[PDB]
K.L.:
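Supplied in structure tokens, the structure appears directly below.
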Amino acid sequence: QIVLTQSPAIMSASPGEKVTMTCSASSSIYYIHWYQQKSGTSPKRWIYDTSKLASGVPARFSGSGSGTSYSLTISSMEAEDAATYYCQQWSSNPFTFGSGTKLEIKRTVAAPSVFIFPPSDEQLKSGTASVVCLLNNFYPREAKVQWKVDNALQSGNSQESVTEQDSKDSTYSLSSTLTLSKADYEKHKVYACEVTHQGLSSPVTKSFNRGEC
Amino acid sequence: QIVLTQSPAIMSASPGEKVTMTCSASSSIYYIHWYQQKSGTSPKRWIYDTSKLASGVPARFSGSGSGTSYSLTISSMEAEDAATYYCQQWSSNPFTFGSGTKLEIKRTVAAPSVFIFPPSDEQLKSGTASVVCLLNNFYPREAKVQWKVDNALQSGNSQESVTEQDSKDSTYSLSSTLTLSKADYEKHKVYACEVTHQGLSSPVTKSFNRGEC
Amino acid sequence: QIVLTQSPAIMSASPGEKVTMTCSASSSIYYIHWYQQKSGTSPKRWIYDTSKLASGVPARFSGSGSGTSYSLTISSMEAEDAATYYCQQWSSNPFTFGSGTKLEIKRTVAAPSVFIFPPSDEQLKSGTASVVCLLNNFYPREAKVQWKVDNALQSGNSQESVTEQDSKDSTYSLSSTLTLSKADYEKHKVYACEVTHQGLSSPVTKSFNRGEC
Amino acid sequence: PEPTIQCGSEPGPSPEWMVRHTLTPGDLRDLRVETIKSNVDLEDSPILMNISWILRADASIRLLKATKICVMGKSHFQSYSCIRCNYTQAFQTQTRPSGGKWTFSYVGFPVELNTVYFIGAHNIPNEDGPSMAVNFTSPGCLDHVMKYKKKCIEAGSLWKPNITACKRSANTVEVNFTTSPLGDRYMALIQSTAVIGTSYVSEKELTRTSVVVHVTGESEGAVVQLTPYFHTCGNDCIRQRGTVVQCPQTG
Amino acid sequence: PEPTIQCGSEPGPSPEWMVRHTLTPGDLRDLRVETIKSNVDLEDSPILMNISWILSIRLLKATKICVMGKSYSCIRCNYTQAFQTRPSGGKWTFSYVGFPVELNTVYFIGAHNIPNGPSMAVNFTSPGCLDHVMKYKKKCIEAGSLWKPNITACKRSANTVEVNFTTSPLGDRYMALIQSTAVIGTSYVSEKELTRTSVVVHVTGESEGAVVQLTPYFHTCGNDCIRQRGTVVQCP
Amino acid sequence: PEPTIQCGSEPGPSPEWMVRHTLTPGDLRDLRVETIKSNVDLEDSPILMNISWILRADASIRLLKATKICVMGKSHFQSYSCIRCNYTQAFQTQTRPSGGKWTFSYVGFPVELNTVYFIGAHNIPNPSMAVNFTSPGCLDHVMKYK
Amino acid sequence: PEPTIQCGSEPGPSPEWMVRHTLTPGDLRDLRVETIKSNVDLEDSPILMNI
Amino acid sequence: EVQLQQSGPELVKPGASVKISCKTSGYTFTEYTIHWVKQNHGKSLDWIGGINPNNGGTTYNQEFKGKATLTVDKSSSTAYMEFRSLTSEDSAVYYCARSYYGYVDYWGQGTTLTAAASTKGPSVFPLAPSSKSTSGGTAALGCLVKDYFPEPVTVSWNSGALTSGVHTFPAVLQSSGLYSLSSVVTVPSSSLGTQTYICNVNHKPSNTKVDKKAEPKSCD
Amino acid sequence: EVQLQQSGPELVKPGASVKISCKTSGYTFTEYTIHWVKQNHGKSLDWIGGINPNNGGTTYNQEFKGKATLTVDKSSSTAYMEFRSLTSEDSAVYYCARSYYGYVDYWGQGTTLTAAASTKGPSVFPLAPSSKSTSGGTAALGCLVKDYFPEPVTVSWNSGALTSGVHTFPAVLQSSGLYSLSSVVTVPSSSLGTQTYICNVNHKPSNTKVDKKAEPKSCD
Ligand SMILES: *[C@@H]1O[C@H](CO)[C@@H](O[C@@H]2O[C@H](CO)[C@@H](O[C@@H]3O[C@H](CO[C@H]4O[C@H](CO)[C@@H](O)[C@H](O)[C@@H]4O)[C@@H](O)[C@H](O[C@H]4O[C@H](CO)[C@@H](O)[C@H](O)[C@@H]4O)[C@@H]3O)[C@H](O)[C@H]2NC(C)=O)[C@H](O)[C@H]1NC(C)=O
Ligand SMILES: *[C@@H]1O[C@H](CO)[C@@H](O)[C@H](O)[C@H]1NC(C)=O
Ligand SMILES: *[C@@H]1O[C@H](CO)[C@@H](O)[C@H](O)[C@H]1NC(C)=O
Ligand SMILES: *[C@@H]1O[C@H](CO)[C@@H](O)[C@H](O)[C@H]1NC(C)=O
Ligand SMILES: *[C@@H]1O[C@H](CO)[C@@H](O)[C@H](O)[C@H]1NC(C)=O
Ligand SMILES: *[C@@H]1O[C@H](CO)[C@@H](O)[C@H](O)[C@H]1NC(C)=O
Ligand SMILES: *[C@@H]1O[C@H](CO)[C@@H](O)[C@H](O)[C@H]1NC(C)=O
Ligand SMILES: *[C@@H]1O[C@H](CO)[C@@H](O)[C@H](O)[C@H]1NC(C)=O
Ligand SMILES: *[C@@H]1O[C@H](CO)[C@@H](O)[C@H](O)[C@H]1NC(C)=O
Ligand SMILES: *[C@@H]1O[C@H](CO)[C@@H](O)[C@H](O)[C@H]1NC(C)=O
Ligand SMILES: *[C@@H]1O[C@H](CO)[C@@H](O)[C@H](O)[C@H]1NC(C)=O
Ligand SMILES: *[C@@H]1O[C@H](CO)[C@@H](O)[C@H](O)[C@H]1NC(C)=O
């Protein structure tokens, strides 16, 4: 019945800084094991029997603990370490995993480049208008996007999607999609995307006027 | 006969938070037992003999107490914990259950999308007019729906129905049906559904004029 | 008017085991408070307002309950925990205590070392003879001591005294004192103390012959 | 919360069920009192008690129809302020359906400054001492809300003398402070375990004044107490305190 | 560490006070029973009950226990001491070992204190010879309850099956039978030695994946011996 | 979005709630204070406290809605004020996903010379957090420009 | 090393107590066995378990 | 393995008898008490009674003694509960369950009993998509299943072929005593002219099956 | 070398059952436990159960009991898992894995199970670069991939030659029950008139492949 609580659930570290993450068992276990998983592949055994490194695993990683409290430590963060780490026990049935620590790379602030896309003519033939606002290569992940149509704030008609950290520059990108009927789209002229981010001193606004190529 | 008073009757908790519910016996019992029931299926033995976990129950659950005072605790709420929990005794005849604690998932506020439907011509040809107002994918459950017919506020001629929490996003949806005689429907023109909800800064209205497309 | 019933009156717990003791009120109370008392000193506030720990109290302790039923719990017994615990209420006059749970620490079985002491000549000169049998550093507390004088079993002329559990090794010691007149004492030769204890497979007898050093 | 309260003026008590026990059982704490301003817009607003209570979660709550509340001034005063709060319907559940407990509050009973209040409450019907009881001393002119009341202001509650006091000699303290438009007469006092010195000051201007206090004991770290003699407060004006320091204070 | 019990027989107040026609509440657990093998060896052992009870009236002088097999026998256990309730950290518990347990029998056990259905009662139905405790009953052992022949059956040709098994000291005759949709082969075997022997059974049809049934003819079980099953497989 | 704090003045309770008569464990260092120059372009800018606190990563943070901070200065006389900082959203994770634990700071409470300052803070719903500091005098390199 | 062991032949439970019907949790590793030669340098010696 | 297999749902006239069964397997029938439990739409669990299969000894919740009767058949290892004079109040889900000691460790799957003196099939009306039911490129449409008795109806869309946001609201009791239900689906507004939406309504008590095509309104 | 090779992906209607296989090689099959692990997309790892190939003994996570059945076949050195009555919540990657003590030392590559009541290929619309406001340095362009089901779509650019600067966003479930995503690329604005940019969209569940050229809109 043993459950494993992992903390923190998500964290970021700059290359070179020390990283610790914990695994807490609802009751005592004989060993804890840790797996590394990067997006799109199988987990890999990383630290096993609480403190042993699987072959090839960098020695900047170490494990320790006993009873109900265990931890995984990276003496110095490297970019290749960004990953999700799961702990795991099989001292009692059922075999259980922890909920995972997702470790991301901290980098300097970078403001997004903002782009806005009107609905294509192909889509408008179908009756629906998707307006797309793109925030490209920014850091940190936190960002606010507000839609304005003829300077009227929108709400409830947009969805956001965010990529994972870019493998090369560690930035995020974000899309916000405002969806309207063709009827409502052809009623208004100015479509604006207003972007708030720590890397911008004032919100940046990008806009187009409907039908002005 | 032992009555088992359960508190709170209904509660919501965000995933990962600590949950306590209590079971108070009208007189002392030797043991309390707990069952979990999700809508539309059989109860499952959950905690038995006051503090023992049934086979399969994660150790984030614990039970304790003695005499007349018992509790069930979840150390960290998970989405799958959403359910009704009944405590139970058979230290005395009759065997009795408690009134149940319904445990729901707390999530961020989400404003409803409002849709309105005129009566079909098929229903009119039969003598009655049902006007339907739909609130889709909102949270929390509390919502006020007011019907207006030619701007006259209605009361006593509508009924509401609400879904269970959605399995994916934990939202509710609600239908409100206003029923009029065919005579009354054909006597008035503007039918409006006015929706008040925490996720809307001001009440939203959806309306139609009888005989519009 | 309210009285408090505590159970169990006396208990011993293995090191590491979970301990619960209960307090039952004759009618409902707003709070229960718990005091610890070790032999020879004043009670100390231990848990108050039902579930709050006084400063310095180990977090292995917890209290809970409501209405008429309360309990004090030790998650894992430590030797330092052995003491008498009293619950207490002042929801009604008079202020009352429960009769206490005396909690002792279990250890491995240990047989007593038995010693027998003849009466001194100084005491005999006064007309009375005390024969003392000593059972030293044994566990558990239960032990049978039978006096035999020239193989005649004695009864009604002996008293026992038992120490409290030793703080360091958790054993008991016991004295049995057989008291006789000088007249009866000088009529017999063989004075024997026979000891039955769980840690001895066969009873042990210690003897002396009167007036032999 | 389905049941509500309608509260009214029944006497129907006796200042004896409040002193049924000389000592009230110390765990009758389901009854709380906090002071609230009658008007927000006003500084000299009247202060009322907000008496709130929670109901026991047990089967006897089904037999409950009224809660009686009496407040007693205790200052060789008697009660004669009781209210009876009738519950509008019966209680169907032992708690609210999404409520820690059944909770009610009554706001009333105008509050005086620096006053000791005994408040007792008893459920109807049902023992026959107070079911709930609390002791309560109302705040004084130093409290953050009560300091703006007219009686406090006129006693110097908002006077900011900004006392600086320095150990000058082995037996003298120099006390500086800013006077108030509320008065011209002041007494400066130095106190450790006992009063070790006093000086009186007469100053008609709104100025930063200075006065030497001759002391009879150790003054380093002692309290300086400034008593102003403002109107309306006689000899009971709000005292201002500071502490004696070693001057010069720099190296 | 507690008061002791000395138990002996005594007549019983007729089997009506125990098996009432109402339910006793299931959380009245002061009386416990479990079936136990008394003998520690692996030969034939008597199977007895371990009846335990927990002792809120203060003191007492005897506890009466009656067991009904569907038989009716009662024991009276006198306490040699009493203490004027629970000195150890457990409760106050006693156990009595006795009452031999028969196969496939329903057992009613009730108990009541002296001086004082009943609150102390437990019921249980005993299993048969395939049960891990009851298989050590003498009658089960003599039917082959402990025989581990470890059958291996191997298809040699289109009409032969090789059956290997370990004999039992309880008997010398066995019948090996091969069956798919019908019996396709039979062999009656005599084997005096305790070994893992081998036997060829002549088969008339396809014998791959058929059931092999080994019937021992121990003199004590007649035609009611516990039969052993395996399956014909290919060979290495 | 991530929670930030909206801070405002509060009347607050009497300064007796700040008298810790039991000692809190010394390795509970969740509350920090340091002085900062409010305006760097000025020679004599007001000197403010930068009061920082860390939110413990456990169950209870998800129920947290506000943090209360009261400051008492003791020099030649006492001063005593309080602020309440409301958290703008509820806490979704027990630590911040782009950092470590949850840390917030409030800048305010102008600092006087040669004063010992007691700072206590408590979460709402529930001194739990405490830190003091004695401000320097005219020989300190920052205060000398006053 | 203060406690040492004195070992002897003892009655044990019926060998069914060793027939687990679930999977054994793989980290219950408190018990180890390896074989040892009873007489070394000698050829046909009995082989013992070191438990 | 332990299994408690209950009989199927029953529609029964008030005043008639019905007997629901609990077929047990995987354990020794006579060693364990069998309990029966009622659950109304009020969601609360009500103990009805229990039976010792060994001798048929029983104890009842007194609100059910003389309304329900519990029996066993040892030969089939089966427990039974009979309502000899069903009333409208007895419509509910009924569970059997096995106990050792005071708790239930295995439950049956539940048996729905519906007490109805008559049946009435529903009328099925379209909830036609329009601009007033469109938002964010999503159109809502549905079927109103009105005036049926007793429960339940099932509603599917495009015979199970439809992948969409589905909301089937619980039935509501009308003041006539008849029920009404709405089933709604959310779809791309751009699909309303090429894709067809059919709700499949089944009302078993009246042996009514209705398929209703739902299309947007258009002016004559 | 030790290898665990799992059977291929399966797209299945809700309610169907499936059996996936795990082929082991390079070690003695019967000496090591085989485990099965479920992983929903982007979420946590759930143990389903394990099997000892030596004796066929099994143990399950009780959330999967009945739903999953584990078997082996020693002759092929293969492990099998049968998952019954799939729901949309069962769409996930499913791993087999090998243990000796309590940790897993080798993992299979995973088997994706997808529950879909229907499939639907996407519409692909251009996100045409703001050639109307060229220069400033970098222009963004992309493809909007709307209204498909179930996941996933794959998006490349210029038949796989354009990778740098490409951001393909996680799919979002629309309230219509269908998915949508955008894939974007940033390029020098002066490349809008010289370079060709085609997004190649593949939706295997529906056997739909769509190529869409994204061009600056007519400006003069
Ligand atoms: C009171 O004390 C607190 C700390 O206790 C101070 O808060 C710090 O403020 C400084 C700047 O004043 C911050 O330094 C900035 O860090 C950014 C990175 O942020 C992440 O990393 C830090 C850890 O180093 C985390 O604390 C933080 O939450 C994030 O996780 C840098 O990117 C910053 O540079 C950015 O800003 C400037 C303009 O301001 C741009 O020109 C840059 O290009 C870039 O965009 C800067 O280095 C520090 O992060 C803050 N820490 C905390 C814990 O909040 C308060 O400033 C202080 N109050 C006063 C009045 O001084
Ligand atoms: C409350 O009830 C009492 C007795 O029934 C009555 O005297 C009193 O007037 C009532 N008060 C209110 C406010 O209803
Ligand atoms: C209030 O004061 C009385 C009188 O001293 C005392 O007996 C009582 O216990 C006090 N109330 C509380 C809650 O302590
Ligand atoms: C009185 O205090 C209670 C308890 O906090 C509060 O809920 C209530 O609103 C207060 N009454 C007012 C503000 O009128
Ligand atoms: C008090 O007076 C001193 C000396 O004049 C001055 O330095 C200080 O700033 C004053 N403080 C206040 C709070 O007015
Ligand atoms: C128990 O006591 C009774 C009455 O004293 C006696 O008749 C009986 O023989 C005793 N039983 C045993 C086993 O000693
Ligand atoms: C034992 O059987 C009797 C007779 O049927 C019954 O009254 C009793 O409930 C059974 N015991 C238990 C513990 O159920
Ligand atoms: C009899 O049962 C009790 C309760 O489990 C147990 O403690 C005791 O050791 C058992 N005795 C025997 C001989 O099995
Ligand atoms: C049976 O025993 C024979 C003789 O030892 C051996 O050759 C053969 O391999 C065995 N076959 C089986 C199926 O055990
Ligand atoms: C914080 O919240 C409290 C209670 O809602 C309110 O009184 C106060 O004005 C708020 N303060 C700020 C700065 O928002
Ligand atoms: C071990 O102790 C038990 C119990 O005291 C005893 O029966 C046995 O003889 C001892 N074994 C050895 C080898 O001394
Ligand atoms: C050995 O196999 C048995 C039977 O499956 C099992 O009970 C036991 O736990 C296994 N031990 C190991 C170390 O695998």
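Each ligand, and each atom within it, is numbered from 1 in the order the structure gives. Note on naming: letters A, B, ... go to the chains in the order of the sequence lines (proteins, then strands), and numbering restarts at 1 for each one.
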K.L.:
Relative to the heavy atoms of E:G8, which atoms of ligand 6 are at a distance of less than 4.0 Å?
P.N.:
13 (C)
K.L.:
To check your reading of the model: name the closest protein heavy atom to atom 2 (O) of ligand 6, its residue, and the distance in Å.
P.N.:
E:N78 ND2, 2.3 Å
K.L.:
Looking at E:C7, which atoms of ligand 6 are within less than 4.0 Å of one of its heavy atoms?
P.N.:
13 (C)
K.L.:
Which ligand 6 atoms are under 4.0 Å away from a heavy-atom of E:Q6?
P.N.:
13 (C)
K.L.:
Taking atom 11 (N) of ligand 4 as the point of reference, which of D:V107, D:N50, D:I54, D:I36 owns the nearest heavy atom?
P.N.:
D:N50
K.L.:
Are D:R29 and C:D49 ion-paired here, with the side-chain N under 4.0 Å from a carboxylate O?
P.N.:
yes
K.L.:
Drop me the distance from E:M120's CE to E:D30's CG, to the nearest 0.5 angstrom.
P.N.:
6.5 Å
K.L.:
Could you go through the ring-ring contact (aromatic ring centres under 6.0 Å, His included) check for H:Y101 and B:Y48 one step at a time?
P.N.:
CA-CA 10 Å; H:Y101 297 124; B:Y48 66 103; 9.5 Å; no
K.L.:
For atom 14 (O) of ligand 6, decide whether some protein heavy-atom distance is shorter than 4.0 Å.
P.N.:
yes
K.L.:
Would D:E34 count as a polar contact of ligand 4, with the cut-off being nitrogen or oxygen pairs under 3.5 Å?
P.N.:
yes
K.L.:
Indicate whether atom 4 (C) of ligand 6 is within a distance of less than 4.0 angstrom of some protein heavy atom.
P.N.:
no
K.L.:
Apply ring-ring contact (aromatic ring centres under 6.0 Å, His included) to the pair E:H132 and G:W17, showing each step before the final yes or no.
P.N.:
CA-CA 9 Å; E:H132 295 296; G:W17 86 288; over 10 Å; no
